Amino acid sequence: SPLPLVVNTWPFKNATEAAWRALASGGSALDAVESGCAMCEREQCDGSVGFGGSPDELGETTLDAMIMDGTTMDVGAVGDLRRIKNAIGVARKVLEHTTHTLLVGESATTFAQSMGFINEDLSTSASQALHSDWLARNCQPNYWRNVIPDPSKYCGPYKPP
């Protein structure tokens, strides 16, 4: 009931602490959300946030992030951000420097570099192994369907029958 209030999915305590710390220093709600989420990008929370995790079929890690201002209802977001670690940082720059809402892929990378972000590989030896073990395993699991060869048994390239 009393404010400020910080709530986040999963027991990622460091993100909670980071967000609270921002508010305690005088930061706004946007500063808090960004800080809390950026903390998990750095700490690669549960391997499901930030670089070095969830490699795609080609072995590349691409990030998705968004930040929303509840006062103006302004939004900044990026999907399929490539080679930039601070996804929520780029999302906030979309909110502050454009009148758009969503920027994607390699085009969003270019935008991020213009905003001062460092273009770097998002892979790690750990995410590289995960991908090679996946390949050796005949690409299981995957999200293909109604294609040949049988996606429940083989790797691609796939094609509709």
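When you see a residue number, it is the position in the sequence shown, counting from 1.
For the pair 49 to 57 and 129 to 137, the mean B factor over Cα atoms is greater in 129 to 137. The mean C-alpha temperature factor is higher for 18 to 26 when 138 to 146 and 18 to 26 are set side by side. Ranking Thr124, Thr99, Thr62, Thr110 by Cα temperature factor from the entry places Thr124 first. Sorting the modelled residues of the chain by their CA temperature factor places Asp69 in the lowest third. Among the modelled residues of its chain, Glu43 has a C-alpha B-factor that falls in the highest third according to the deposited record.
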